[PDB]
Each structure stands twice: as structure tokens, then as C-alpha cells.
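# Report on the structure
For reference, the chains in residue letters:
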Amino acid sequence: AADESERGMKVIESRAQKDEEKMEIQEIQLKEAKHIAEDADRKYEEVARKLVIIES
Amino acid sequence: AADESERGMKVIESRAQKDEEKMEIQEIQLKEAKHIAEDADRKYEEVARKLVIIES
Amino acid sequence: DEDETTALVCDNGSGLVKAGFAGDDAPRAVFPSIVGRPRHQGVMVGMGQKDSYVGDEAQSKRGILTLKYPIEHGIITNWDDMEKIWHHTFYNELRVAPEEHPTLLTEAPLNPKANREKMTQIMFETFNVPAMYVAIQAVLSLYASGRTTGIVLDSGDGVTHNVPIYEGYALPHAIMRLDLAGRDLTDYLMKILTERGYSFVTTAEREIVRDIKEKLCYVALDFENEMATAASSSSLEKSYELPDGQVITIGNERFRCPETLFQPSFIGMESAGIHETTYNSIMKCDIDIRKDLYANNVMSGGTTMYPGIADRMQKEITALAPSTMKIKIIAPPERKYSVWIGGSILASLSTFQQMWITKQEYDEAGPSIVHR
Amino acid sequence: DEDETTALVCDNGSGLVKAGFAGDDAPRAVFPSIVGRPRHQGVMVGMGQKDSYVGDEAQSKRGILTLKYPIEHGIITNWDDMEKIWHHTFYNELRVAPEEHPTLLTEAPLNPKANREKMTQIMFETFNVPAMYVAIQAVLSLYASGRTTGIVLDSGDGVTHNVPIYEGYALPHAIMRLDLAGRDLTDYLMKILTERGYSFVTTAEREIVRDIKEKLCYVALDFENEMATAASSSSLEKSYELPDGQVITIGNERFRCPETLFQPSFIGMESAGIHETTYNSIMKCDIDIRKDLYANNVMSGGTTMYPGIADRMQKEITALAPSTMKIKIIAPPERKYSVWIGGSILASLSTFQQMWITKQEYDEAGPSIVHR
Amino acid sequence: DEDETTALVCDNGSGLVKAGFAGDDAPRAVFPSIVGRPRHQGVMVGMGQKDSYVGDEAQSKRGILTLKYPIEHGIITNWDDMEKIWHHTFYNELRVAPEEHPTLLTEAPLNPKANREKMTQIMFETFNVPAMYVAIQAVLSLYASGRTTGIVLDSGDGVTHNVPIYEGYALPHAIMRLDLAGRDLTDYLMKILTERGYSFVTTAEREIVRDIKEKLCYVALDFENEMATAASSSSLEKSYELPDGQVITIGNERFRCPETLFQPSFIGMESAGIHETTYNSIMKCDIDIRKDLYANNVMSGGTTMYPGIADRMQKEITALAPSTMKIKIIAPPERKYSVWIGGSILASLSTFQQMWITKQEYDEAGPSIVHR
């Protein structure tokens, strides 16, 4: 019973590492994607306000 | 040795589930964040082109 | 409606006042926190002799007046001149009569007990407001970001603060104050820009260095290999056109200015910087609450608006915090009004009615009543 | 079913309450035996003013409350605060109304006559339970291991005991109490771990030393040449990852902590240790019953769960007992709930119905009735 | 004379080193326990490039160096920087060559075995002293007050301790350490004095708050009706003249600072205070020795010098101790050097010669020899 439970432990610990790495790479790609979404959505409100003032 | 390795198995399987869920919720939040970043990056390339013509 | 419409929210700052009605999404009134006193006798065409000037008329006419700032570093230092800014806010800016409006005011982090009692004395006894309430600024900022536990890095015009808050109670012994903010930051840009070979000679040159700081300044992450980048000279440069043609270029200094917030040594300050201070606040708090504070670094204040401030802070504290920890730097877009918006929410709220200090409480308990 | 379903079993401890329904295999409710009283006036968001807190809400909110333990060393010391823990158990934890449930309670080994009468007074007169019963703890532990004669080494959070039982009657004059248990043991680990060059500084560092003790601590047999082993430095070491990354390593101290149970001298205790005390209990009993007690050393309690406790005890008493004797140390896996399980069995039993003290017995005989 | 003259006594502290010759009545050398490392390359006029600075030259030149404290809370934390402070002590401060002087050193209460062996390794192997000896600090303080059994409340710059000693052996399991001392106390005064409406802005303002604490601070007995007294405003106030004219007044806060030692809650500390801790040490000791400890509360350390500390402690423990007991709080005048003086006495003593660890003992037994 012990040897079968050690083997299963090893396999689920390896899957847990393999997925924990995937989360961290997405979680980081996203602080990036959200930050470029926000740097983009500021530049505009300055350019669109700049548009409405130079149209006025 | 068997009871400690069963307990550790249970705890790492529980962490593996808990993190697999976190990845899926970030991975989905991101198709959303990237898509809003792109719906954003088209309309101020349009509004800034509209700006440069009404500034000219 | 009696007071649903009627609650006022006045956030008193070192540089700006933010004011308006509880309910609104943003301040109806924003203006400098100055009180000008004319250096000479005379008049403007069509007006009478004016003893005093406040806000923008004091800024615009600064050449003939002696300008004074009532709030030094977030604390009210001159009460004669503050009652003047309040008067202006109610009567001219919001054009309301105060004696029928409940007023939510804000104070600073370790505001002396005696001050909270004094502005209550002036609110009730010289403005005769029905009821009032003083909220702590970081606490309204947090709450406006939905939560109740977190640590706010708050940074405006004269002060920076770190106020760790747990289930609403700001933690007195863990609060840190750093007297370097947006005011200090405009004057440093000034010098690195004259030092770029320029001259901000007339007052129309002075004022706009501040508009350069706001529009073009950045907080780069890896400020190290950003200077290095500056040198290879990429299309990193940025030219601004002055009141006239005089196109001034700012490439590099653009980020050397907010690197002052992480390195106070850029300005002859020996104090620690923003990120270390976030952290030190945190290793001054209870142990069990430190995972909470780390996942809830809420930013508020005009000077925390520099783009990429959050990414630099993100990486600044990850790399100081134990790896077992989750770091999370929340920086909302409306952050230059977080404080105010948190007050608008709170004061328009359904449950806040029972915390308003009324003239009944006051006339019966003395200023002590609101002091808590 | 009337009461087959309906019997409650509440085991009151120095650290934990274990509670649930007779019939179940394990306690439905397990929680700290604290009652917190707020040090300041104020509220949590959305709740009202609370006068008191019990169990985990008292632990979680410990920074604003004064925590108090009603049971000192297994004996109820504060009856106002105990009625509070019972109230919480029935109404919030098990969510039952007590006035229709028979309640089996437990008491400690030489529990003063007057207490057994007082908790009966409170069970029947303030909770109005239909019927109740007080079992002695070691006696339920024994019985849950099937037998009726044996000696229980019982060790939990504030007390250790040896209760020799013969055909069900616990032997008053042979019972030994040693006031060093799991609570004492967590605080000693604490010091040998700070002494390993560490700091359990915030409250999130304090609490988890106890989770280190539970997960990684061992009772080595031949604790002598285990220290010797430590030195050659084998892969005996064990690193635990803290709330954050901060991987702490514990090699050796891992077993220096339960060696405290055999050597009280590790902690400035002059009393004898667990194994000697097992033995002394035994040479205080009748002669003809000593072979029985020796082949039936039943262990129960959270602190007897340290792996290899049984092997060390096995060899500890073989080598003190006359060689003509059979030694036998029974340590079941569910032992942190033996006491409770013994109560669940007994109270769900077919023959126990005729020992329940009913309100009829009480209203007619006074607290004396159940006291026996 | 060989060594009658020749024995050195070095007391290593968290804030100060006290040093001199066994025989003298007071330390020949007292100086900060810092090691400064220059932040920039350059020189003073007439000197060469200096890699390091120690004691007062590190304090005086602090603006261009990074200051570091080798002893954190009484324990040596950096051994590179400590060997630097020792070097300075022998060669510059006492101007002796160490290789012909026996050296009595002191260590802290539960100083890790390994440290006592390490400073022995450095004393004998890098300084080549003839012989040395490490005394425990509370133990030298007691002995300098004539006696051998008592309990010392020892309080300096980074730690407070209670060390119950019986016929010379300090009792390991009854010792209590409270990490709040004179350093913590100067920083709290700082805030209650800026909070009185002041500014300790330049470094010449910072340093002198500590000289205010030493000269004007008090420990009032009945700290309750001393605040009450403050309010009626008696001639309790006290103005100090700064480096310049700037006469600062301190009335009240004067005693609010040492009330921190009885109430750690003044500074966000949740630990118990000095008097309770004296007591708890005492109800952790053997029963038969508790009358002795109570009649012999010896005080030592810079922070126990606040006038009226002894009267407050006198009444603090009388009212916690059983009335059958005799309380007695000994606080001598030289107490800021008790530790040192106890070493001077002991090491100049006629009978101590046979406990000196000699290089013969060391070269033959390893660091283990002195470790005891």
C-alpha cells in the first residue's frame, strides 16, 4: 500500500509543478497585457481630449 | 512511512487542484484583458488619425 | 434626499482642494490651496478693493500678492487662512449655503487630536453646518477600491504616507510619512531640465514645467538599463511645445524625475524610498496580517499617477518580501481622486447616517464628541 | 431514534472542544476553548457590537480581544465563560436546540465532586436538556479501545494523566497527573527553533510553530544515538515552507521536543516523566491487577500522537517492569478523539439508556443524583 | 601585578562598549558600538583613505558612511564587524597590546553556546590574549551589588532581561527577555515631542532628543494622577535650551516616555511590561527561592536610571506579590556600569585566577574549554 501511494504522490507532485509553472507564466504575461491595455487606454483620453479641444 | 506519504500526497493533490483552478481563472481573465487591449488599440489609431487630419 | 443630495465632501490638501456633492463620481471643485494677500493698494478695473484672494484668483494674480499655503504637509498650519479656503469652497465654488448641508471632511494620517477638535469647532461654530464627520484620507482611498484591509501608499503634493488599515482601523504605530511629493518633484525636474541646457525664466516658463512632469513623465521599471537605453538613443525622446513655438525636448529626464521617489538621494534626501517604506510599514505590523497587506497595496494620490509606477512597485516589493507571499499593487485610474470618491460613496451610503456628528451631539458634548 | 439520533457528546478540553452526535465516528465540531472579550469599542463591517467571541472567531480576532481559557488543566475554572462555550457548541456549532437532546459530557480524572454537581446544575437548569451524564475521560478512551481494564496515559493540551481502570472503575488512589502537555511542548519547540537561529516574530510566525510540532515532530527510540546520528548529518533534516517562501529547516530539534515528555528536565521541570509515571501508577495498584494494567497501556490524547511514542514507551516500561511480565502499549490511530469516540459508542448503546440522569431524577434528587 | 594590573574588562553592548582595567572603579572607555563604512571615495584633510570607522568617529562622520550595529539585542550578529570593535578597543581606546593582558568579556543571558565558543576562538586565535573569561551580564551586575542570589532587571540600549540568579547560577528557564529598551524609548519621545508641535529636522536636532530623555525624563509613581496633575498645570513643566537658543518646553511627556516601560501598549507592543515580567520570572522559579528573589531585585542598565523607577517598581510588585512577602528593589547610583564594575571586582579578585581560561587550556581542549 505504501509503494503505490508513494508512486501516485510523485506523479501528482510532478503534475502540480508543471501546472504551477504555467500559471506563473500566464499571471506574468497578464500583468504585461493589462498594463499595456492601461498605457494604451490613457494615451487615447489624452489624444481624444486633444482631438475635442483642437476640433473646438 | 506510509501514513506520512499518504498525508503528503493528499496535501500536494489538494494544492495541485487549488493552483489548477487559479490558472484557469487567470487564463480566462486574459483572453478578456488581451481582447479589450486590442479593441482599445484600434479606435485612437482611428481617433489619432482623425486628430492629425483636423490639426492639419 | 434631505441630505442624500445634500452631503458635501471636502478633501483638503497641501496643493489642491477637491470638493463636491456626495453622490457625484468626481469632485465638482478642484483648485489651489492658497490665500493671497495683496502686496500693494489698488484695484482691478470694475472691482473693489479686495483684502484677500483664494485658489485660482490667487494663483493668477500672484505677482501682486503674498501667497500662503494653509496646509503644510497635510496638517492645517494656519487656521485664519483655512477658514478662508473653506468659505471660498462653500460660497463661491459650490455656491451652497453650508447651514443646511452635512459636510464630510478629511484629515491626515496622524492628525493631532486637537486639530480634529478645532476644525469641528470651526465647522459647527462659524459655518453652522447641520452635521459633519472627519474621515482619514488613506482610509477613504482604500474603501473606494472596495476593500477594508490593505496598506495605502498615499502621495500628493506636500506628503507621502503608508497607512496600513485592518478592517477599517488605520494602524497608528505602522504609518510612515515621507515629506517628498509632487511639489518636490516638479522642482527637481526643473533643475534637470535647466541642466539639460534650458531656461525657465518668466513665470509662464516656471508653471509649465509642472505640466511637463504630469504629461511626459514616466516611472520606468529597470531604471538601470533605461539610462543605458537613453545613451544608444532610441526614439525614447519627447519634445513638448511651450506657450509659444519654443519646442523643448526631454528625452531621458522624463524618468529621472520619478526615479526620485525610489532614490531620495537624487535630491539630497537621506530618508528611505517609497518601496522600502511600504515594506517597513509592513514588517512593523502584526505577523498574521502581513499576507493581507501584501496582496493589497492600494495606491492613491496625484504623484502616484506616473505610468509604470505600479510595475516598478510590484517588482520592488516582490524582491523584498518572503517568496511564500503574494504581492498585489492596486493602482486605479481615478486615483488622483480616490480619497474624495471614497468619501462620496461613504457619505451617500445608507448606513452612514448614524455616524454623522450633529449639532445636537456637539452643543451637548463639546468638540470631544467627533474627536472619537 | 427519539434519542438514538438525539444524544450529544461533548468533550471539554483545555485546548479544544470535541462535539457531535452519538452515533458518528468522529466529532462534528472541534474548536478552541477560548472566550474573547474585546479590548475596545467598535464593530466589524456589517455586524453589530459583540460582547464576546468564542472558539475560532476569538482566535482569529485575537489582536482586539482579551482571550481567556475556562478550563485550566482539565478542570473548569470559570463557569461564566464555560456556559459561554457550551452555548456556542449547541447553538452555533451543532445548531441544535439543547432542550430536546440528551447530552453526554466528560470530566477529568479527580474532578471535584462539586464541579460535577455544578455542570449538572447548569446543564439542567440553564440549558434545560432532557437528560445528561458525565463520563470520566480516561474511562471513555479505554472503552473505545474495546476493553475495561487497562491503564490510560492521557495527554492533551494542558494535562497528562495516568488512570488505572479495573472493570470500569477508575482507581482514585493510583491516578497521576503531570501538568506538562502539548501547550508546554509547542513553547519549548519555539525556543529550540529560535535557538536554531530563527525568529517567530509576527503572529503568523507564532501559530505555525505548533503546525511544525504536529507535522514534523518525532519520538525517537534511542534518543541517545539519535543526537549522535544528527551530528554525522544524515538526511534526517526536514525543511518546512512558511506562510510565504521562507523555508525553515528543522533537522534535529524535531525529536528534542517530544524527548521533553520523558525528560521534564529539558524544561526546568523536576517531576518524573511519562514512562516512570506509567510505572509508578502501576506499583501503587493492587498486586494481582498489575499483570492486567501492564498488558493494557492504552494511549489517548493529541500529544500522544508523535510517531514512535509507543515504541519508546514499550521499551521504556519493559525495562522497568519485572521480566516475568507482558508489556503492551496500545496506541490507536484515531487517538486524538478516543475519549469522544468512547462517548459516542457508549451513549448510542442499547444498555446506556438506564444510566441517563433525567430531569425527573434531578428535579426530585438535587445535583447529588448524577454526582454518584 | 603581572596580571593584577593587567586584566582587561570589556562589556559589549548593543549601544555602548564599556572597557578599562580590572581594578578601576569605572570604565576607562565608553563609546558607540558602530562600524561605519564610507559610502564614497575620498579623504579628510591630512589623513589617508580609511576603509572603516568605529565608535565616535563613525558617529561624527555618519553622513558619508553606512553605519552598522554588530550586536543586535545583546547577541553578536556580525563577527567581522565585532572583531573591528574589539581591535579598536584594545589598540586605540585602551592603547594596550592584547597579547600580554588577560581579558574578561561579557555575554548576554541565553547567549548561544556556539557564540561563546566563537568569541573565544577570536580572542585566542586572532588577538592572542594570554587568558580570557566570559561572564554573564546580569550575574556581574548582581555581584557588584555584593550579593549572590537575587533577580536582576537588566535594561540597556537594545534589550531588557530578568535573570534570576541563585548562589551564582543564573536560572535558564526563568530568564525573560523583552526587546524594548532605551533606543526604542528615545524614538518614542521623539514622536511625543514632535507631536507636542515640534521639529527635529537636522541631525543636530535628532541626537539631542536622546539628551533630553536622559536629563529631563522621569518615572512617576502614580502615573495616573500625574497626567491629571499635568492638566491643572503646575510648575511641573521643563524647558531645555537646544544647540542654539531655541528653548524647547517639555512638561508632561517627560514621564510619558518611561511609562512606556510599564505599558508597552504606548508603542504598539503587545508584550507584558517590566514589573509583570519581574514577577512572572519569579513565579517560574522554585517556590522556596521566591522569598529571596523578592527581597533582591537588583537593577542595572542605562535605561533603569530614569528617577523614580525604583519606587514605581517597588509598588508595582508589592501589589502583585503575596502580602506575606518582603519586596526590595535595589537600584545603585553607578547602575549604568554595574555589569562592568562587577567584572572589575571579580577579575581583580584574589580567587579568580584559577578560573581564567589560558592558551594552555585552549590549545589543548578546543573552544569547548571555556564554553563550560
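That block above? That's the structure.
Residues numbered from 1 in each chain as written, not as in the entry; some residues may be left out. Chains lettered and ligands numbered in written order. Part of a larger assembly, values for the part shown. Heavy atoms only, no water.

### Concerning the overall build of chain A
The number of helices and strands found in chain A is one helix and zero strands. Taken against the 2.2 N^0.38 rule, which gives 10 Å for 56 residues, the C-alpha radius of gyration of chain A at 24 Å runs more than 25% over that of a compact globule. With the C-alpha coordinates of chain A rotated into their principal frame, the extents come out at 80 × 10 × 5 Å. A total of 56 residues make up chain A; the buried ones form 27% of that total. Accessible surface, chain A as shown: approximately 4700 Å² in total, 51% of it carbon and sulfur. Counting 11 positive and 16 negative side-chain charges, chain A places the averaged centre of each group 4 Å from the other. (Helix = DSSP H or I, 4+ residues; strand = E, 2+ residues; numbered from the N terminus. Rg over C-alpha atoms; globule rule 2.2 N^0.38 Å. Buried < 20%, exposed > 50% of the residue type's maximum accessible area, 1.4 Å probe, protein only. Areas by Shrake-Rupley, 256 points an atom, 1.4 Å probe, with all protein chains shown as cover. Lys, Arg positive; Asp, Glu negative; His and termini not counted. Charge placed at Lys NZ, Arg CZ, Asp CG, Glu CD.)

### As for the state of the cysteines
All names here are of chain E. In the structure shown here, the tally under the stated rule is zero disulfides over all chains. With no disulfide partner, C217 has as its closest neighbouring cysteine sulfur the one in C257, 4.4 Å distant. Overall, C217 belongs to the buried group, its relative accessible area being 1%. (Disulfide = S-S within 2.5 Å.)

### Focus on the pattern of salt bridges
Residue and element names in this part refer to chain E. Scanning the model with the defined rule gives 59 salt bridges over all chains in all. Where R28 meets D24, a salt bridge forms, and the shortest distance between an N and an O atom there is 3.1 Å. Across the pair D179 and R177 runs a salt bridge whose closest N-O atoms are separated by 3.1 Å. Judged by relative accessible area, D179 falls into the partly exposed class, the value being 31%. By relative accessible area, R177 is classed as partly exposed at 42%. (Salt bridge = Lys/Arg side-chain N within 4 Å of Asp/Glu carboxyl O.)

### Thoughts on the environment of E:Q59
Residue and element names in this part refer to chain E. Here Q59 is to be found in helix α1 (residues 56-60). Take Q59: its relative accessible area is 19%, and that puts it in the buried class. For the pair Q59 and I34, spaced 25 residues apart in the sequence, the C-alpha separation amounts to 7.6 Å. With residues near it in sequence (within four places) discarded, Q59 still touches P32, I34, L67 and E207. (Contact = heavy atoms within 4.5 Å.)

### Structural notes on a negative patch on the surface
Together, A:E20, A:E21, A:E24, A:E27 and D:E241 make up a negatively charged patch on the protein surface. It is helix α1 (residues 2-55) of chain A that contributes the most residues to the negative patch, four residues altogether. If you trace the backbone, A:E20 turns up in helix α1. (Patch = residues over 30% accessible without salt bridge, like charges linked within 9 Å, V, L, I, M, F, W, Y side chains within 5 Å.)

### Points about the relation of the copies chain B and chain A
Superposition of chain B onto chain A requires a rotation of 167° combined with a translation of 0.4 Å along the rotation axis, giving an RMSD of 1.1 Å. Same-surface contact between copies: 100% of interface residues of chain B are shared with the interface of chain A. (Least-squares fit on C-alpha atoms.)

### Notes on the interface of chain C and chain A
In this assembly, nine residues from chain C lie in contact with five residues from chain A. For the pairing of chain C and chain A, the buried interface totals around 530 Å² over both sides, and the portion due to carbon and sulfur atoms is 37%. Of all residues in chain C, C:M305, C:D311 and C:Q314 give up the largest surface area on contact with chain A, accounting jointly for 53% of the area buried on that side. Linking chain C to chain A there are zero salt bridges. Between the two partners, chain C and chain A, sit two residue pairs in polar contact. (Buried area = accessible area lost by both parts, 1.4 Å probe. Polar contact = N/O pair within 3.5 Å; in protein donor to acceptor, adjacent residues only side chain to side chain.)

### Points about the sheet that holds strand β5 (residues 53-54) of chain E
Residue and element names in this part refer to chain E. Sheet architecture is open: three strands sit in the order β5-β4-β6, paired in antiparallel fashion. Strand pairing shows two members of the sheet lacking a second neighbour, β5 and β6 (65-68), which therefore form its edges. Here helix α2 (residues 79-93) sits on the sheet in contact with β4 (35-38), β5 and β6, set at roughly 110° to β4. (Pairing = 2+ DSSP bridges. Axes fitted to C-alpha atoms, helices over the stretch in contact; angles between N-to-C directions.)

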